[PDB]
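Next comes data-v4.cif, with mmCIF, C-alpha atoms.
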```cif
data_target
loop_
_atom_site.label_atom_id
_atom_site.label_comp_id
_atom_site.auth_asym_id
_atom_site.auth_seq_id
_atom_site.Cartn_x
_atom_site.Cartn_y
_atom_site.Cartn_z
CA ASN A 2 -32.11 -25.37 12.95
CA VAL A 3 -29.31 -27.11 11.05
CA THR A 4 -31.11 -27.35 7.71
CA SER A 5 -32.08 -23.69 8.02
CA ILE A 6 -28.40 -22.87 8.58
CA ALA A 7 -27.42 -25.01 5.60
CA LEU A 8 -29.96 -23.41 3.26
CA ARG A 9 -28.85 -19.89 4.19
CA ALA A 10 -25.17 -20.83 3.82
CA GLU A 11 -25.85 -22.50 0.46
CA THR A 12 -27.76 -19.44 -0.78
CA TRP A 13 -24.94 -17.17 0.42
CA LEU A 14 -22.21 -19.25 -1.25
CA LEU A 15 -24.03 -19.13 -4.57
CA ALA A 16 -25.12 -15.49 -4.28
CA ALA A 17 -21.80 -14.07 -3.11
CA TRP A 18 -19.23 -16.33 -4.78
CA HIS A 19 -21.12 -18.44 -7.35
CA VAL A 20 -20.04 -21.52 -5.39
CA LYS A 21 -22.25 -24.61 -5.67
CA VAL A 22 -22.10 -27.47 -3.18
CA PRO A 23 -23.82 -30.83 -2.54
CA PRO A 24 -26.20 -30.69 0.46
CA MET A 25 -24.63 -33.77 2.07
CA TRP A 26 -21.16 -32.20 2.08
CA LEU A 27 -22.58 -28.91 3.35
CA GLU A 28 -24.48 -30.31 6.33
CA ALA A 29 -21.44 -32.37 7.30
CA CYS A 30 -19.31 -29.25 6.95
CA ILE A 31 -21.61 -27.32 9.28
CA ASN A 32 -21.54 -30.10 11.87
CA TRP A 33 -17.75 -30.24 11.66
CA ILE A 34 -17.47 -26.48 12.15
CA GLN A 35 -19.72 -26.55 15.21
CA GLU A 36 -17.65 -29.33 16.76
CA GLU A 37 -14.42 -27.42 16.05
CA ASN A 38 -15.62 -24.16 17.59
CA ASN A 39 -17.18 -26.05 20.50
CA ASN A 40 -20.00 -23.65 19.70
CA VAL A 41 -23.40 -24.79 18.48
CA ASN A 42 -24.51 -21.17 18.22
CA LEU A 43 -22.35 -19.25 15.74
CA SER A 44 -23.99 -16.39 13.85
CA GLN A 45 -25.05 -17.12 10.28
CA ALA A 46 -22.46 -14.64 9.05
CA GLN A 47 -19.68 -16.46 10.89
CA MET A 48 -20.91 -19.88 9.75
CA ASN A 49 -21.07 -18.66 6.15
CA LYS A 50 -17.49 -17.40 6.37
CA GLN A 51 -16.13 -20.62 7.83
CA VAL A 52 -18.00 -22.79 5.32
CA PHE A 53 -16.56 -20.77 2.44
CA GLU A 54 -13.08 -21.10 3.91
CA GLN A 55 -13.50 -24.85 4.28
CA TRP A 56 -14.59 -24.97 0.63
CA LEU A 57 -11.49 -23.03 -0.47
CA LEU A 58 -9.34 -25.66 1.24
CA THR A 59 -11.38 -28.58 -0.12
CA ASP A 60 -10.41 -30.84 -3.04
CA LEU A 61 -13.37 -30.53 -5.39
CA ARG A 62 -13.11 -34.26 -6.14
CA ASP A 63 -14.46 -34.93 -2.62
CA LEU A 64 -17.73 -33.21 -3.47
CA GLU A 65 -18.59 -35.36 -6.49
CA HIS A 66 -20.67 -32.38 -7.63
CA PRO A 67 -20.59 -31.55 -11.37
CA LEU A 68 -20.32 -27.87 -12.27
CA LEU A 69 -19.35 -27.79 -15.93
CA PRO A 70 -21.98 -28.45 -18.62
CA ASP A 71 -22.20 -32.03 -19.85
CA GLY A 72 -20.46 -32.21 -23.22
CA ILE A 73 -17.81 -29.50 -23.04
CA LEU A 74 -15.07 -32.04 -23.76
CA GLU A 75 -16.96 -33.51 -26.72
CA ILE A 76 -17.57 -30.28 -28.66
CA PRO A 77 -14.52 -29.51 -30.88
CA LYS A 78 -15.13 -25.76 -30.85
CA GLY A 79 -17.65 -23.62 -29.05
CA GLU A 80 -18.48 -21.16 -26.31
CA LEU A 81 -19.10 -21.65 -22.62
CA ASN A 82 -21.43 -19.30 -20.73
CA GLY A 83 -21.98 -19.03 -16.98
CA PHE A 84 -20.28 -18.79 -13.59
CA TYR A 85 -18.06 -21.69 -12.48
CA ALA A 86 -16.13 -21.68 -9.21
CA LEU A 87 -13.52 -24.27 -10.19
CA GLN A 88 -10.19 -25.67 -9.00
CA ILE A 89 -6.67 -25.40 -10.39
CA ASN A 90 -4.96 -28.76 -9.85
CA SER A 91 -1.77 -27.27 -11.31
CA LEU A 92 -0.45 -24.74 -13.82
CA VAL A 93 2.78 -23.99 -15.70
CA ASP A 94 3.95 -21.61 -18.42
CA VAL A 95 4.07 -23.49 -21.72
CA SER A 96 5.36 -20.53 -23.70
CA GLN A 97 8.90 -20.26 -22.34
CA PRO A 98 9.63 -24.00 -22.74
CA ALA A 99 8.37 -24.05 -26.35
CA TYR A 100 10.19 -20.84 -27.23
CA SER A 101 13.38 -22.28 -25.74
CA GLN A 102 13.16 -25.43 -27.86
CA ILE A 103 12.54 -23.35 -30.99
CA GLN A 104 15.57 -21.15 -30.25
CA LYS A 105 17.90 -24.15 -30.19
CA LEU A 106 16.29 -25.43 -33.39
CA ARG A 107 16.53 -21.90 -34.78
CA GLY A 108 20.32 -21.76 -34.79
CA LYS A 109 21.08 -25.42 -35.44
CA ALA A 120 28.08 -1.57 -48.78
CA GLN A 121 26.00 -4.40 -47.28
CA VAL A 122 22.97 -4.11 -44.97
CA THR A 123 21.24 -7.03 -43.21
CA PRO A 124 17.72 -6.76 -41.76
CA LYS A 125 17.71 -7.55 -38.02
CA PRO A 126 13.80 -7.73 -37.64
CA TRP A 127 12.91 -7.29 -34.02
CA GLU A 128 11.37 -10.42 -32.43
CA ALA A 129 10.08 -9.83 -28.93
CA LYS A 130 9.72 -12.63 -26.41
CA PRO A 131 6.44 -14.49 -26.98
CA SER A 132 4.21 -13.55 -24.02
CA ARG A 133 3.56 -15.83 -21.05
CA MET A 134 1.19 -18.73 -21.74
CA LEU A 135 -0.10 -20.21 -18.50
CA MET A 136 -1.82 -23.55 -19.02
CA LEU A 137 -4.14 -24.50 -16.19
CA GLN A 138 -5.28 -28.03 -15.41
CA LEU A 139 -8.82 -27.32 -14.21
CA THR A 140 -11.53 -29.47 -12.69
CA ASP A 141 -14.94 -29.15 -11.09
CA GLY A 142 -14.10 -32.41 -9.36
CA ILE A 143 -15.84 -34.58 -11.97
CA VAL A 144 -14.31 -33.60 -15.31
CA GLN A 145 -10.85 -32.24 -16.03
CA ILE A 146 -10.34 -29.57 -18.67
CA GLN A 147 -7.58 -27.15 -19.60
CA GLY A 148 -7.50 -23.38 -19.30
CA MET A 149 -5.12 -21.42 -21.49
CA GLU A 150 -4.09 -17.83 -20.81
CA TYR A 151 -5.40 -16.69 -24.22
CA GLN A 152 -4.70 -13.04 -23.39
CA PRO A 153 -2.56 -11.66 -20.57
CA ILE A 154 -4.14 -12.40 -17.17
CA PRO A 155 -1.83 -10.78 -14.57
CA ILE A 156 -3.79 -12.05 -11.58
CA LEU A 157 -2.67 -15.57 -12.55
CA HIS A 158 0.92 -16.73 -12.00
CA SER A 159 3.02 -19.90 -11.96
CA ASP A 160 3.27 -19.95 -8.17
CA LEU A 161 -0.44 -20.29 -7.41
CA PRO A 162 -0.67 -23.38 -5.20
CA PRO A 163 -2.29 -26.60 -6.43
CA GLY A 164 -5.91 -26.58 -5.27
CA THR A 165 -6.32 -22.82 -5.81
CA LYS A 166 -9.98 -22.01 -6.43
CA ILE A 167 -10.75 -19.81 -9.41
CA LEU A 168 -13.96 -18.26 -10.70
CA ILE A 169 -14.40 -18.77 -14.46
CA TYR A 170 -17.20 -16.61 -15.87
CA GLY A 171 -18.77 -14.78 -18.78
CA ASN A 172 -18.57 -15.87 -22.40
CA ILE A 173 -15.57 -18.17 -22.92
CA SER A 174 -14.46 -19.65 -26.23
CA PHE A 175 -13.07 -23.16 -26.09
CA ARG A 176 -11.21 -25.44 -28.47
CA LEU A 177 -10.39 -29.13 -28.18
CA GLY A 178 -10.94 -29.27 -24.41
CA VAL A 179 -9.11 -26.02 -23.70
CA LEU A 180 -10.74 -22.82 -22.45
CA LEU A 181 -9.35 -19.67 -24.08
CA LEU A 182 -9.27 -17.50 -20.98
CA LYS A 183 -9.17 -13.70 -21.03
CA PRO A 184 -8.71 -11.31 -18.06
CA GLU A 185 -12.44 -10.59 -17.94
CA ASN A 186 -13.27 -14.29 -17.42
CA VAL A 187 -11.13 -14.89 -14.35
CA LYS A 188 -11.16 -14.07 -10.64
CA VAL A 189 -8.87 -15.88 -8.20
CA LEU A 190 -10.71 -17.00 -5.06
CA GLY A 191 -7.64 -18.47 -3.40
CA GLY A 192 -7.23 -21.44 -1.10
CA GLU A 193 -5.15 -24.57 -1.63
CA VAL A 194 -5.49 -28.30 -1.16
CA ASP A 195 -2.83 -29.58 1.22
CA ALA A 196 -3.31 -33.10 -0.15
CA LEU A 197 -2.36 -31.83 -3.63
CA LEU A 198 0.57 -29.66 -2.52
CA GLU A 199 2.26 -32.92 -1.56
CA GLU A 200 1.96 -34.22 -5.13
CA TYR A 201 3.38 -31.39 -7.24
CA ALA A 202 6.05 -30.27 -4.76
CA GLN A 203 7.88 -33.53 -5.48
CA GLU A 204 8.50 -33.25 -9.23
#
```

Go ahead and express the file in the form of structure tokens.
Amino acid sequence: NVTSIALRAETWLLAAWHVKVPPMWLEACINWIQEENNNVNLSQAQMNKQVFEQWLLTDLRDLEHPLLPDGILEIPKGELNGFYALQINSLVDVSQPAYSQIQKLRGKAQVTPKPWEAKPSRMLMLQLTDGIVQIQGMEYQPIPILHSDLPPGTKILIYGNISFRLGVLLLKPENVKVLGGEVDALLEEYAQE
């Protein structure tokens, strides 16, 4: 009964959202959901939905379930292929701060060229994790769906062919989908700074 529920929920999580979870966490999650709803007989569809929502609010470190390939941090330059439903511990634009510093360092008939210099585009740097390893994700090309206010713990789907350099993923719009969620436990950490 319970294992059947777990197997169907696990298949659904992977099939629908590319989410991968440890069986021990999953069965405990199902038990917890039944005890919360005071209902032992929720439909599979409703159980699937609530399990996914619990996952979105879960700190991936709790799962102790590796997602990323072993050796991504050791290869100086390469490409990552696959679907990874990861977690954003935090993010910040690194472009504006660097540009700012440079500006200060910049300053410190007759015609004079005044060669247009547009504002360097936003550069979001994400501190990512699958709960086991931590890696960085750079906004290599504009990715509007991402923004500096996404809460710590936000779950994000990283997929396709992704180039990486020195432990940093060079993310492009076609490699990202925001799944949402947040980790309350983490919101307490970064909201202090």

May I have a table of the residues of region 42-146 of chain A lying at most 12 Å from region 179-202 of chain A, giving each one's closest pair of atoms and their distance in Å to one decimal, counting all atoms listed in the file, ordered by chain and ascending residue number, as JSON lines?
```
{"residue": "A:53", "atom": "CA", "partner": "A:192", "partner_atom": "CA", "distance": 10.0}
{"residue": "A:54", "atom": "CA", "partner": "A:192", "partner_atom": "CA", "distance": 7.7}
{"residue": "A:55", "atom": "CA", "partner": "A:192", "partner_atom": "CA", "distance": 8.9}
{"residue": "A:56", "atom": "CA", "partner": "A:192", "partner_atom": "CA", "distance": 8.3}
{"residue": "A:57", "atom": "CA", "partner": "A:192", "partner_atom": "CA", "distance": 4.6}
{"residue": "A:58", "atom": "CA", "partner": "A:193", "partner_atom": "CA", "distance": 5.2}
{"residue": "A:59", "atom": "CA", "partner": "A:194", "partner_atom": "CA", "distance": 6.0}
{"residue": "A:60", "atom": "CA", "partner": "A:194", "partner_atom": "CA", "distance": 5.8}
{"residue": "A:61", "atom": "CA", "partner": "A:194", "partner_atom": "CA", "distance": 9.2}
{"residue": "A:62", "atom": "CA", "partner": "A:194", "partner_atom": "CA", "distance": 10.9}
{"residue": "A:63", "atom": "CA", "partner": "A:194", "partner_atom": "CA", "distance": 11.2}
{"residue": "A:69", "atom": "CA", "partner": "A:180", "partner_atom": "CA", "distance": 11.9}
{"residue": "A:73", "atom": "CA", "partner": "A:179", "partner_atom": "CA", "distance": 9.4}
{"residue": "A:74", "atom": "CA", "partner": "A:179", "partner_atom": "CA", "distance": 8.5}
{"residue": "A:75", "atom": "CA", "partner": "A:179", "partner_atom": "CA", "distance": 11.3}
{"residue": "A:76", "atom": "CA", "partner": "A:179", "partner_atom": "CA", "distance": 10.7}
{"residue": "A:77", "atom": "CA", "partner": "A:179", "partner_atom": "CA", "distance": 9.6}
{"residue": "A:78", "atom": "CA", "partner": "A:179", "partner_atom": "CA", "distance": 9.4}
{"residue": "A:79", "atom": "CA", "partner": "A:180", "partner_atom": "CA", "distance": 9.6}
{"residue": "A:80", "atom": "CA", "partner": "A:180", "partner_atom": "CA", "distance": 8.8}
{"residue": "A:81", "atom": "CA", "partner": "A:180", "partner_atom": "CA", "distance": 8.4}
{"residue": "A:82", "atom": "CA", "partner": "A:186", "partner_atom": "CA", "distance": 10.1}
{"residue": "A:83", "atom": "CA", "partner": "A:186", "partner_atom": "CA", "distance": 9.9}
{"residue": "A:84", "atom": "CA", "partner": "A:186", "partner_atom": "CA", "distance": 9.2}
{"residue": "A:85", "atom": "CA", "partner": "A:187", "partner_atom": "CA", "distance": 9.9}
{"residue": "A:86", "atom": "CA", "partner": "A:190", "partner_atom": "CA", "distance": 8.3}
{"residue": "A:87", "atom": "CA", "partner": "A:190", "partner_atom": "CA", "distance": 9.3}
{"residue": "A:88", "atom": "CA", "partner": "A:193", "partner_atom": "CA", "distance": 9.0}
{"residue": "A:89", "atom": "CA", "partner": "A:193", "partner_atom": "CA", "distance": 8.9}
{"residue": "A:90", "atom": "CA", "partner": "A:197", "partner_atom": "CA", "distance": 7.4}
{"residue": "A:91", "atom": "CA", "partner": "A:201", "partner_atom": "CA", "distance": 7.7}
{"residue": "A:92", "atom": "CA", "partner": "A:201", "partner_atom": "CA", "distance": 10.1}
{"residue": "A:93", "atom": "CA", "partner": "A:201", "partner_atom": "CA", "distance": 11.3}
{"residue": "A:134", "atom": "CA", "partner": "A:182", "partner_atom": "CA", "distance": 10.6}
{"residue": "A:135", "atom": "CA", "partner": "A:182", "partner_atom": "CA", "distance": 9.9}
{"residue": "A:136", "atom": "CA", "partner": "A:179", "partner_atom": "CA", "distance": 9.0}
{"residue": "A:137", "atom": "CA", "partner": "A:179", "partner_atom": "CA", "distance": 9.1}
{"residue": "A:138", "atom": "CA", "partner": "A:179", "partner_atom": "CA", "distance": 9.4}
{"residue": "A:139", "atom": "CA", "partner": "A:180", "partner_atom": "CA", "distance": 9.6}
{"residue": "A:140", "atom": "CA", "partner": "A:179", "partner_atom": "CA", "distance": 11.8}
{"residue": "A:145", "atom": "CA", "partner": "A:179", "partner_atom": "CA", "distance": 10.0}
{"residue": "A:146", "atom": "CA", "partner": "A:179", "partner_atom": "CA", "distance": 6.3}
```

Requested write-out: C-alpha atoms of the selected residues, as a PDB file, in the coordinates of the input:
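See again.pdb below for the written result:
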```pdb
ATOM      1  CA  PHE A  53     -16.560 -20.770   2.440  1.00  0.00           C
ATOM      2  CA  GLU A  54     -13.080 -21.100   3.910  1.00  0.00           C
ATOM      3  CA  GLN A  55     -13.500 -24.850   4.280  1.00  0.00           C
ATOM      4  CA  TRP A  56     -14.590 -24.970   0.630  1.00  0.00           C
ATOM      5  CA  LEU A  57     -11.490 -23.030  -0.470  1.00  0.00           C
ATOM      6  CA  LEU A  58      -9.340 -25.660   1.240  1.00  0.00           C
ATOM      7  CA  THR A  59     -11.380 -28.580  -0.120  1.00  0.00           C
ATOM      8  CA  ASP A  60     -10.410 -30.840  -3.040  1.00  0.00           C
ATOM      9  CA  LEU A  61     -13.370 -30.530  -5.390  1.00  0.00           C
ATOM     10  CA  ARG A  62     -13.110 -34.260  -6.140  1.00  0.00           C
ATOM     11  CA  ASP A  63     -14.460 -34.930  -2.620  1.00  0.00           C
ATOM     12  CA  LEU A  69     -19.350 -27.790 -15.930  1.00  0.00           C
ATOM     13  CA  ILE A  73     -17.810 -29.500 -23.040  1.00  0.00           C
ATOM     14  CA  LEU A  74     -15.070 -32.040 -23.760  1.00  0.00           C
ATOM     15  CA  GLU A  75     -16.960 -33.510 -26.720  1.00  0.00           C
ATOM     16  CA  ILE A  76     -17.570 -30.280 -28.660  1.00  0.00           C
ATOM     17  CA  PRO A  77     -14.520 -29.510 -30.880  1.00  0.00           C
ATOM     18  CA  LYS A  78     -15.130 -25.760 -30.850  1.00  0.00           C
ATOM     19  CA  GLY A  79     -17.650 -23.620 -29.050  1.00  0.00           C
ATOM     20  CA  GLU A  80     -18.480 -21.160 -26.310  1.00  0.00           C
ATOM     21  CA  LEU A  81     -19.100 -21.650 -22.620  1.00  0.00           C
ATOM     22  CA  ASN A  82     -21.430 -19.300 -20.730  1.00  0.00           C
ATOM     23  CA  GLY A  83     -21.980 -19.030 -16.980  1.00  0.00           C
ATOM     24  CA  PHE A  84     -20.280 -18.790 -13.590  1.00  0.00           C
ATOM     25  CA  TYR A  85     -18.060 -21.690 -12.480  1.00  0.00           C
ATOM     26  CA  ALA A  86     -16.130 -21.680  -9.210  1.00  0.00           C
ATOM     27  CA  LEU A  87     -13.520 -24.270 -10.190  1.00  0.00           C
ATOM     28  CA  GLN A  88     -10.190 -25.670  -9.000  1.00  0.00           C
ATOM     29  CA  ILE A  89      -6.670 -25.400 -10.390  1.00  0.00           C
ATOM     30  CA  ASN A  90      -4.960 -28.760  -9.850  1.00  0.00           C
ATOM     31  CA  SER A  91      -1.770 -27.270 -11.310  1.00  0.00           C
ATOM     32  CA  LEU A  92      -0.450 -24.740 -13.820  1.00  0.00           C
ATOM     33  CA  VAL A  93       2.780 -23.990 -15.700  1.00  0.00           C
ATOM     34  CA  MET A 134       1.190 -18.730 -21.740  1.00  0.00           C
ATOM     35  CA  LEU A 135      -0.100 -20.210 -18.500  1.00  0.00           C
ATOM     36  CA  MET A 136      -1.820 -23.550 -19.020  1.00  0.00           C
ATOM     37  CA  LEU A 137      -4.140 -24.500 -16.190  1.00  0.00           C
ATOM     38  CA  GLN A 138      -5.280 -28.030 -15.410  1.00  0.00           C
ATOM     39  CA  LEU A 139      -8.820 -27.320 -14.210  1.00  0.00           C
ATOM     40  CA  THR A 140     -11.530 -29.470 -12.690  1.00  0.00           C
ATOM     41  CA  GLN A 145     -10.850 -32.240 -16.030  1.00  0.00           C
ATOM     42  CA  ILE A 146     -10.340 -29.570 -18.670  1.00  0.00           C
TER      43      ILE A 146
END
```

Once 6 Å is added on each side, what are the centre and the three edge lengths, in Å to one decimal, of the axis-aligned box enclosing the listed atoms of region 93-96 of chain A? Present them as lines of an AutoDock Vina configuration file.
```
center_x = 4.1
center_y = -22.3
center_z = -19.7
size_x = 14.6
size_y = 15.5
size_z = 20.0
```

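For the pair CA of residue 178 (chain A) and CA of residue 98 (chain A), the separation is 21.3 Å.
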
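Going from CA of residue 203 (chain A) to CA of residue 159 (chain A) covers 15.9 Å.
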
Would you kindly translate the PyMOL selection byres ((chain A and resi 3) around 10) into the concrete residues it picks from this file, as a PyMOL selection string?
chain A and resi 2+4-9+28+31-32+41

Same residues, C-alpha atoms, saved as a PDB file, in the coordinates of the input:
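Printed below is selection-v9.pdb as written:
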```
ATOM      1  CA  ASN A   2     -32.110 -25.370  12.950  1.00  0.00           C
ATOM      2  CA  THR A   4     -31.110 -27.350   7.710  1.00  0.00           C
ATOM      3  CA  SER A   5     -32.080 -23.690   8.020  1.00  0.00           C
ATOM      4  CA  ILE A   6     -28.400 -22.870   8.580  1.00  0.00           C
ATOM      5  CA  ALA A   7     -27.420 -25.010   5.600  1.00  0.00           C
ATOM      6  CA  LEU A   8     -29.960 -23.410   3.260  1.00  0.00           C
ATOM      7  CA  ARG A   9     -28.850 -19.890   4.190  1.00  0.00           C
ATOM      8  CA  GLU A  28     -24.480 -30.310   6.330  1.00  0.00           C
ATOM      9  CA  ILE A  31     -21.610 -27.320   9.280  1.00  0.00           C
ATOM     10  CA  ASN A  32     -21.540 -30.100  11.870  1.00  0.00           C
ATOM     11  CA  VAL A  41     -23.400 -24.790  18.480  1.00  0.00           C
TER      12      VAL A  41
END
```

Expressed in Å to a single decimal, how great is the separation between CA of residue 151 (chain A) and CA of residue 129 (chain A)?
17.6 Å

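If you measure from each of A:96, A:150, A:72, A:10 to residue 47 (chain A) using all atoms listed in the file, the closest one turns out to be A:10.
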
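Shortest separation to residue 19 (chain A) among A:124, A:155, A:170, A:162 occurs at residue A:170, atoms counted being only C-alpha atoms.
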
Residue by residue, what does the PyMOL selection byres ((chain A and resi 66) around 7) grab here? Present the result as a list in words.
residues 22, 23, 64, 65, 67, 68, 142 and 143 of chain A

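Distances to residue 70 (chain A) were evaluated for A:177, A:104, A:50, A:144 using only C-alpha atoms, and the minimum falls at A:144.
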
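Remark: for residue 51 (chain A), the closest of the candidate residues A:94, A:152, A:101, A:35 is A:35 (distances computed over all atoms listed in the file).
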